[PDB]
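J.: One structure, pasted below without further comment.
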There are 2 protein chains.
Amino acid sequence: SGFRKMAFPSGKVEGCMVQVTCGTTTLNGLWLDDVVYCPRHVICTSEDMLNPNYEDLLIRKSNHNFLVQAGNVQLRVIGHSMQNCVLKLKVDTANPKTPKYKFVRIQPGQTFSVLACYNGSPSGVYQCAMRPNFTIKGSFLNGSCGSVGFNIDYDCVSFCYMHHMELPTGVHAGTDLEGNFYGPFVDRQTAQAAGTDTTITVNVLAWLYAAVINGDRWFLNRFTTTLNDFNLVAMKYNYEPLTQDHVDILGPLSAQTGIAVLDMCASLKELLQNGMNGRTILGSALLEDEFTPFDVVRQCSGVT
Amino acid sequence: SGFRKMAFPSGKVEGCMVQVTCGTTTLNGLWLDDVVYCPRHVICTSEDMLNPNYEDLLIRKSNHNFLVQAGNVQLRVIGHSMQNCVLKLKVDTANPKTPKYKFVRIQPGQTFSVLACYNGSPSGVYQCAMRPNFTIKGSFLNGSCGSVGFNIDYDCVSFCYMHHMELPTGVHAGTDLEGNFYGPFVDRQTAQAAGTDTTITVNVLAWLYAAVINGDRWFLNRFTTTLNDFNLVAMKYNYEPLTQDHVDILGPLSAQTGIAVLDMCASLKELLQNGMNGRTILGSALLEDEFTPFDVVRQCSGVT
Ligand SMILES: [Se]
Ligand SMILES: [Se]
């Protein structure tokens, strides 16, 4: 037993991380089959980033302006293309370490693993959530850009995130692997608003179920409530409204614990109104919203 | 910028995880060169675990009673040996994926990555600390036993932990890769006391420095203090006493932030006496003690 923020094992993604250099700028790319994927702002200087015309900047670049390195192997670029905010560099070699993979666009509130990379070398792995406002709260230093977010289903890596920028507010924005930003963000060094973040209510509930399963039961109260009444209290506390879709997704946890979703909601209501009174749940003094119901079931039943 | 509990990339260890079966019992082993390492209690039934004589139980076992499987490849066992609480199975094949490695015994308060495994297949990776009382607060379901803890220095994997048991209290105990338990624990299903856990004071301080670096400065106070006076307050709050060795280890963070270790101690003192007043530091409502100063520098300077 026990409960931990667990990332996916990163081996399959490690073998895909390359170093991409165009003029002075170096960042991470992802080498799958005969294509390398990286942030298009690899073609920008510091000054370019103030107001980039990517089409005009890219037009000054030939295949040979792009230095792609996999460990000590330099790859040869035989084609380049801009797809939204990503560059696709066609290289002459299929990555021998290409895992089975999909590109997917994830939903606000879903989680994924990030392999934080510098100079195309992996430094570490952590789990996080796409916030409702489509930011992530990562750890990304200079040259982490092009570090990827992913999920694993058995043998298949589902890439969902590529890191492009830190906002002036210290949170992180990037794209799917087709180069569409999550959220209203652009790849430009300008002031950009994330907008109000909300708690992922369905995730918090998932974690309360995880807590019950690991014997942390003190917050279980004698009340119940209604979906409408709950959402009325959620609204006050900048919690995302809970839908019947959400109630359904929690069913298997309802079934394991013999606790009805609506009673767990009433428990949540009282924590929101009363705080924690200086107690902890699963080692935390605040309500945790970075586990999906799927993550909780995974860890509680031990999927590989 | 930003700050996250980051594990090491797990690829090098993934390629070493095998499935070990002896009679009915299956758990994880670690395949390095021509040796497989696993918990010796793989030779125990449920009933054996109540009061095992491992020497007598092991004597009923030949090389052929041990089914070692690496993916679909079954390995051949040509030798078996008990070293303390681990079994060393000599197999005919050197693991082609053997990384450069060391076995190391870590100190209370040091951190490492766990690759949580089921049936010799990796399920996930998280970072944790050896507690002063030599337990870990993991996530380990049935058959996770033999899952390993490690650190990585560039190309070299330093294995420091093998999971053997959950205590009746829900925390986790295991051994180094020579099979010596961390702490007073034995591989027997009996009541065993962990003893009082204490906070890793040097780690908390490291994290306060991390907090300052990421602009979380509100807890910085107008006081200072003495090492003796600080430790007097530490003792009351079950914080580990701070030594000059610890002061020294924090030097580079002192140097980056222009904040003297003793002034950061005075900050800590007031948090310990006053709590957090319902504020957060780096997203947490409690004082975090699972980052070493080394971990903080790693993440703040981006080592690969
Ligand atoms: Se970047
Ligand atoms: Se075990």
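A note on labels: chains of the structure tokens are A, B, ... as shown, every chain counts residues from 1, and ligands are counted from 1 in their shown order.
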Chain A residues within 9 Å of chain B, counting only C-alpha atoms: which ones, as a PyMOL selection string?
T.: chain A and resi 1-15+115-119+121-127+137-142+144+166+170-172+214+284-286+298-304
J.: Could you list, as a list in words, all residues that come within 10 Å of ligand 2? Count only C-alpha atoms and all ligand atoms.
T.: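 Using only C-alpha atoms and all ligand atoms, everything at most 10 Å from ligand 2 comes to residues 25, 26, 27, 28, 38, 39, 40, 41, 42, 44, 46, 49, 140, 141, 142, 143, 144, 145, 146, 147, 163, 164, 165, 166 and 187 of chain B.
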J.: Can you pull out every residue from segment 34-263 of chain A that DSSP, working from the backbone, puts in strand (DSSP E or B), and format the result as a PyMOL selection string?
T.: chain A and resi 35-39+66-70+73-75+77-83+86-91+100-103+111-118+121-129+136+148-153+156-166+172-175+181+199+239
J.: Residues at most 10 Å from segment 91-105 of chain A, counting only C-alpha atoms, excluding those fewer than 2 positions away in the same chain, as a PyMOL selection string?
T.: chain A and resi 11-16+30-36+63+68+70+75-80+88-89+107-108+150-161+175-178+180-182
J.: I need the residue nearest ligand 1 from this list: A:86, A:73, A:297, A:259. Use only C-alpha atoms and all ligand atoms for the distance.
T.: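 Closest candidate: A:86.
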J.: Given only C-alpha atoms as the basis, pick out the residue of A:268, A:281, A:212, A:58 nearest to residue 254 of chain A.
T.: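 Closest to residue 254 of chain A of all the choices is A:212.
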J.: Please identify which residues in segment 5-192 of chain A DSSP calls alpha helix (DSSP H) from the backbone, and express them as a list in words.
T.: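 Across segment 5-192 of chain A, those assigned alpha helix (DSSP H) are residues 11, 12, 13, 14, 54, 55, 56, 57, 58 and 59 of chain A.
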